[PDB]
Structures are given as structure tokens and as C-alpha cells.
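Okay, work.json is below, JSON, C-alpha atoms:
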[["chain", "number", "residue", "atom", "x", "y", "z"],
["A", 57, "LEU", "CA", 79.61, -42.36, -42.63],
["A", 58, "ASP", "CA", 76.84, -44.82, -41.97],
["A", 59, "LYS", "CA", 76.69, -43.98, -38.30],
["A", 60, "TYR", "CA", 75.97, -40.40, -39.35],
["A", 61, "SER", "CA", 73.90, -41.36, -42.42],
["A", 62, "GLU", "CA", 71.80, -43.65, -40.29],
["A", 63, "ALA", "CA", 71.70, -41.16, -37.49],
["A", 64, "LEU", "CA", 70.69, -38.72, -40.23],
["A", 65, "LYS", "CA", 68.04, -40.75, -41.88],
["A", 66, "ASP", "CA", 66.69, -41.19, -38.40],
["A", 67, "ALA", "CA", 67.20, -37.58, -37.33],
["A", 68, "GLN", "CA", 65.74, -36.48, -40.62],
["A", 69, "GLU", "CA", 62.80, -38.83, -40.39],
["A", 70, "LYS", "CA", 62.37, -37.86, -36.78],
["A", 71, "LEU", "CA", 62.46, -34.31, -38.06],
["A", 72, "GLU", "CA", 59.84, -35.01, -40.66],
["A", 73, "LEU", "CA", 57.83, -36.62, -37.87],
["A", 74, "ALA", "CA", 58.63, -33.83, -35.37],
["A", 75, "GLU", "CA", 57.74, -31.34, -38.02],
["A", 76, "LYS", "CA", 54.65, -33.42, -38.64],
["A", 77, "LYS", "CA", 54.04, -33.53, -34.93],
["A", 78, "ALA", "CA", 54.57, -29.78, -34.91],
["A", 79, "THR", "CA", 52.23, -29.50, -37.86],
["A", 80, "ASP", "CA", 49.66, -31.59, -36.07],
["A", 81, "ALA", "CA", 50.34, -29.99, -32.71],
["A", 82, "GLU", "CA", 49.99, -26.62, -34.40],
["A", 83, "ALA", "CA", 46.99, -27.86, -36.37],
["A", 84, "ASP", "CA", 45.64, -28.82, -33.00],
["A", 85, "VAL", "CA", 46.70, -25.48, -31.55],
["A", 86, "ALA", "CA", 44.74, -23.83, -34.33],
["A", 87, "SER", "CA", 41.85, -26.32, -34.26],
["A", 88, "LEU", "CA", 41.65, -26.06, -30.55],
["A", 89, "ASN", "CA", 42.11, -22.32, -30.63],
["A", 90, "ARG", "CA", 39.12, -22.39, -32.89],
["A", 91, "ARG", "CA", 37.33, -24.75, -30.48],
["A", 92, "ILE", "CA", 38.42, -22.86, -27.36],
["A", 93, "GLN", "CA", 37.17, -19.73, -28.93],
["A", 94, "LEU", "CA", 34.00, -21.53, -29.92],
["A", 95, "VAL", "CA", 33.47, -22.68, -26.37],
["A", 96, "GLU", "CA", 34.37, -19.18, -25.12],
["A", 97, "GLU", "CA", 31.86, -17.69, -27.52],
["A", 98, "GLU", "CA", 29.31, -20.32, -26.68],
["A", 99, "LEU", "CA", 30.14, -19.74, -23.02],
["A", 100, "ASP", "CA", 29.59, -16.05, -23.41],
["A", 101, "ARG", "CA", 26.33, -16.98, -25.11],
["A", 102, "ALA", "CA", 25.42, -19.41, -22.31],
["A", 103, "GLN", "CA", 26.28, -16.63, -19.82],
["A", 104, "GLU", "CA", 24.24, -14.08, -21.80],
["A", 105, "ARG", "CA", 21.41, -16.57, -22.09],
["A", 106, "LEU", "CA", 21.89, -17.21, -18.38],
["A", 107, "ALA", "CA", 21.79, -13.53, -17.57],
["A", 108, "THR", "CA", 18.68, -13.42, -19.75],
["A", 109, "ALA", "CA", 17.13, -16.50, -18.13],
["A", 110, "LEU", "CA", 17.96, -15.06, -14.74],
["A", 111, "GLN", "CA", 16.48, -11.72, -15.63],
["A", 112, "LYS", "CA", 13.44, -13.52, -17.00],
["A", 113, "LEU", "CA", 13.47, -15.65, -13.88],
["B", 57, "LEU", "CA", 81.31, -37.80, -42.77],
["B", 58, "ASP", "CA", 81.13, -34.12, -42.46],
["B", 59, "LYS", "CA", 78.35, -33.95, -45.01],
["B", 60, "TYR", "CA", 76.34, -36.48, -43.00],
["B", 61, "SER", "CA", 77.52, -35.15, -39.62],
["B", 62, "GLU", "CA", 76.50, -31.68, -40.69],
["B", 63, "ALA", "CA", 73.32, -32.88, -42.29],
["B", 64, "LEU", "CA", 72.84, -34.81, -39.06],
["B", 65, "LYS", "CA", 73.53, -31.98, -36.67],
["B", 66, "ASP", "CA", 71.19, -29.96, -38.82],
["B", 67, "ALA", "CA", 68.58, -32.71, -38.88],
["B", 68, "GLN", "CA", 69.06, -32.93, -35.11],
["B", 69, "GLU", "CA", 68.87, -29.18, -34.64],
["B", 70, "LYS", "CA", 65.86, -29.08, -36.92],
["B", 71, "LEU", "CA", 64.56, -32.02, -34.90],
["B", 72, "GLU", "CA", 65.11, -30.30, -31.61],
["B", 73, "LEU", "CA", 63.59, -27.21, -33.08],
["B", 74, "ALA", "CA", 60.67, -29.11, -34.64],
["B", 75, "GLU", "CA", 60.31, -30.96, -31.40],
["B", 76, "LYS", "CA", 60.16, -27.55, -29.80],
["B", 77, "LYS", "CA", 57.82, -26.29, -32.49],
["B", 78, "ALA", "CA", 55.73, -29.25, -31.43],
["B", 79, "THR", "CA", 56.51, -28.79, -27.71],
["B", 80, "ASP", "CA", 55.59, -25.15, -27.88],
["B", 81, "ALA", "CA", 52.66, -25.97, -30.13],
["B", 82, "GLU", "CA", 51.95, -28.68, -27.62],
["B", 83, "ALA", "CA", 52.31, -26.24, -24.76],
["B", 84, "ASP", "CA", 49.93, -23.97, -26.63],
["B", 85, "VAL", "CA", 47.47, -26.66, -27.47],
["B", 86, "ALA", "CA", 47.85, -27.93, -23.93],
["B", 87, "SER", "CA", 47.15, -24.42, -22.71],
["B", 88, "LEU", "CA", 44.24, -24.40, -25.05],
["B", 89, "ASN", "CA", 43.19, -27.86, -23.97],
["B", 90, "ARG", "CA", 43.18, -26.59, -20.44],
["B", 91, "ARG", "CA", 41.18, -23.61, -21.68],
["B", 92, "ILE", "CA", 38.73, -25.76, -23.57],
["B", 93, "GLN", "CA", 38.32, -27.97, -20.59],
["B", 94, "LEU", "CA", 37.82, -25.01, -18.29],
["B", 95, "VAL", "CA", 35.80, -22.91, -20.66],
["B", 96, "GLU", "CA", 33.76, -25.77, -22.02],
["B", 97, "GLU", "CA", 33.29, -26.86, -18.45],
["B", 98, "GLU", "CA", 31.98, -23.37, -17.82],
["B", 99, "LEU", "CA", 30.01, -23.57, -21.07],
["B", 100, "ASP", "CA", 28.35, -26.60, -19.63],
["B", 101, "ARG", "CA", 28.12, -25.10, -16.18],
["B", 102, "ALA", "CA", 26.74, -21.93, -17.69],
["B", 103, "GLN", "CA", 24.48, -24.07, -19.81],
["B", 104, "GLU", "CA", 23.51, -26.04, -16.73],
["B", 105, "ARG", "CA", 23.08, -22.85, -14.73],
["B", 106, "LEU", "CA", 21.08, -21.72, -17.71],
["B", 107, "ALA", "CA", 19.09, -24.88, -17.80],
["B", 108, "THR", "CA", 18.58, -24.35, -14.12],
["B", 109, "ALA", "CA", 17.55, -20.72, -14.63],
["B", 110, "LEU", "CA", 15.26, -21.80, -17.46],
["B", 111, "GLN", "CA", 13.75, -24.64, -15.47],
["B", 112, "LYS", "CA", 13.36, -22.22, -12.62],
["B", 113, "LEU", "CA", 11.92, -19.81, -15.13]]

As C-alpha cells, how would this structure be written, given the file I've shared?
Amino acid sequence: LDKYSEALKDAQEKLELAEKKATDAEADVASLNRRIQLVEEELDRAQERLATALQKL
Amino acid sequence: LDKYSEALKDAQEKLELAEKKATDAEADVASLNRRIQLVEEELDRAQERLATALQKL
């Protein structure tokens, strides 16, 4: 009962931590998706500014 | 024993799933991290190309 209870408190805590890791990994997926998109948008802007600088050049 | 064994297999399944929520979220953030590294590297290369175009300008 304890082997399972212990395995459970550990599986359950590991779950809360895996769920937390998932929460954080997902928070990071979302925070990075935001950041990736921000760098993609800023990249498009750098590329547009580059096309502009190159046309001005 | 069954209550703990079941709660355990469920904590373990939830754990494997949460680990996969995290692994998939990790795969996604990792994909995104690769994208931020590549896009941000291009942001900076575009920004550097831009700085170059602007300096040349």
C-alpha cells in the first residue's frame, strides 16, 4: 500500500511537476512563440528597412 | 492497494502524458527556440545587412 502510495505521492508530485514543466514549457512555447513572432516581425521590418536602405543606397 | 495502484497508474499515465505535454511543449518551444535563434539571427543579420546598407547609404 505504501509502495504504491509512495510511488503515488511521487508519481503525483512528479505529475504536478511535469504538469508544471508542461505549464512552463507551454508558457515558454507561448512566450517564445510571441518572441519568435516578434523576431519574425522585427526581421520582416529589418528586411523591409533593408530593402528600403538598399533602395535608398 | 488498488486505490493507490490505480491512483498511481493514473498519476503515472498523467505523468507520462504531462511529461509528453511538456515534451511536446518542449519540442514546440525547442522548434521555436530554433526559430528564434534562426530568425533572430536573421533579424540581426538583416539588421547588420541593414546597418551595412545604411552605412553604405

After a least-squares superposition of chain B onto chain A, with every Cα atom paired in order, give the RMSD to one decimal place.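 So the superposition leaves a C-alpha RMSD of 1.5 Å.
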
Which chain B residues have any atom within 8 Å of an atom of chain A, and for each, what is the nearest pair of atoms with distance in Å to one decimal, counting only C-alpha atoms, rows sorted by chain and number, as CSV?
residue,atom,partner,partner_atom,distance
B:57,CA,A:57,CA,4.9
B:60,CA,A:60,CA,5.4
B:61,CA,A:60,CA,5.5
B:63,CA,A:64,CA,6.7
B:64,CA,A:64,CA,4.6
B:67,CA,A:68,CA,5.0
B:68,CA,A:67,CA,5.5
B:70,CA,A:71,CA,6.3
B:71,CA,A:71,CA,4.4
B:74,CA,A:75,CA,5.0
B:75,CA,A:74,CA,5.2
B:76,CA,A:78,CA,7.9
B:77,CA,A:78,CA,5.3
B:78,CA,A:78,CA,3.7
B:79,CA,A:78,CA,7.5
B:81,CA,A:82,CA,5.1
B:82,CA,A:81,CA,5.5
B:84,CA,A:85,CA,6.1
B:85,CA,A:85,CA,4.3
B:88,CA,A:88,CA,6.3
B:89,CA,A:88,CA,7.0
B:91,CA,A:92,CA,6.4
B:92,CA,A:92,CA,4.8
B:95,CA,A:96,CA,6.0
B:96,CA,A:95,CA,5.3
B:98,CA,A:99,CA,6.6
B:99,CA,A:99,CA,4.3
B:100,CA,A:99,CA,7.9
B:102,CA,A:102,CA,5.4
B:103,CA,A:102,CA,5.4
B:105,CA,A:106,CA,6.8
B:106,CA,A:106,CA,4.6
B:109,CA,A:109,CA,5.5
B:110,CA,A:109,CA,5.7
B:112,CA,A:113,CA,6.7
B:113,CA,A:113,CA,4.6

Those residues you just picked out, can you put them in a file as a PDB file, in the frame of the given file with C-alpha atoms?
ATOM      1  CA  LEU B  57      81.310 -37.800 -42.770  1.00  0.00           C
ATOM      2  CA  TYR B  60      76.340 -36.480 -43.000  1.00  0.00           C
ATOM      3  CA  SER B  61      77.520 -35.150 -39.620  1.00  0.00           C
ATOM      4  CA  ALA B  63      73.320 -32.880 -42.290  1.00  0.00           C
ATOM      5  CA  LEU B  64      72.840 -34.810 -39.060  1.00  0.00           C
ATOM      6  CA  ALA B  67      68.580 -32.710 -38.880  1.00  0.00           C
ATOM      7  CA  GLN B  68      69.060 -32.930 -35.110  1.00  0.00           C
ATOM      8  CA  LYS B  70      65.860 -29.080 -36.920  1.00  0.00           C
ATOM      9  CA  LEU B  71      64.560 -32.020 -34.900  1.00  0.00           C
ATOM     10  CA  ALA B  74      60.670 -29.110 -34.640  1.00  0.00           C
ATOM     11  CA  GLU B  75      60.310 -30.960 -31.400  1.00  0.00           C
ATOM     12  CA  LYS B  76      60.160 -27.550 -29.800  1.00  0.00           C
ATOM     13  CA  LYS B  77      57.820 -26.290 -32.490  1.00  0.00           C
ATOM     14  CA  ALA B  78      55.730 -29.250 -31.430  1.00  0.00           C
ATOM     15  CA  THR B  79      56.510 -28.790 -27.710  1.00  0.00           C
ATOM     16  CA  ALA B  81      52.660 -25.970 -30.130  1.00  0.00           C
ATOM     17  CA  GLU B  82      51.950 -28.680 -27.620  1.00  0.00           C
ATOM     18  CA  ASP B  84      49.930 -23.970 -26.630  1.00  0.00           C
ATOM     19  CA  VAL B  85      47.470 -26.660 -27.470  1.00  0.00           C
ATOM     20  CA  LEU B  88      44.240 -24.400 -25.050  1.00  0.00           C
ATOM     21  CA  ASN B  89      43.190 -27.860 -23.970  1.00  0.00           C
ATOM     22  CA  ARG B  91      41.180 -23.610 -21.680  1.00  0.00           C
ATOM     23  CA  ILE B  92      38.730 -25.760 -23.570  1.00  0.00           C
ATOM     24  CA  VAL B  95      35.800 -22.910 -20.660  1.00  0.00           C
ATOM     25  CA  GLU B  96      33.760 -25.770 -22.020  1.00  0.00           C
ATOM     26  CA  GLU B  98      31.980 -23.370 -17.820  1.00  0.00           C
ATOM     27  CA  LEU B  99      30.010 -23.570 -21.070  1.00  0.00           C
ATOM     28  CA  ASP B 100      28.350 -26.600 -19.630  1.00  0.00           C
ATOM     29  CA  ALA B 102      26.740 -21.930 -17.690  1.00  0.00           C
ATOM     30  CA  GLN B 103      24.480 -24.070 -19.810  1.00  0.00           C
ATOM     31  CA  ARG B 105      23.080 -22.850 -14.730  1.00  0.00           C
ATOM     32  CA  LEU B 106      21.080 -21.720 -17.710  1.00  0.00           C
ATOM     33  CA  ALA B 109      17.550 -20.720 -14.630  1.00  0.00           C
ATOM     34  CA  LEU B 110      15.260 -21.800 -17.460  1.00  0.00           C
ATOM     35  CA  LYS B 112      13.360 -22.220 -12.620  1.00  0.00           C
ATOM     36  CA  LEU B 113      11.920 -19.810 -15.130  1.00  0.00           C
TER      37      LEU B 113
END

Would you place a box with edges along x, y and z of the file around all atoms of range 77-83 of chain B listed there, add 4 Å to each of its six sides, and report the centre and edge lengths in Å to one decimal, as AutoDock Vina command-line options?
--center_x 54.9 --center_y -27.2 --center_z -28.6 --size_x 13.9 --size_y 12.1 --size_z 15.7
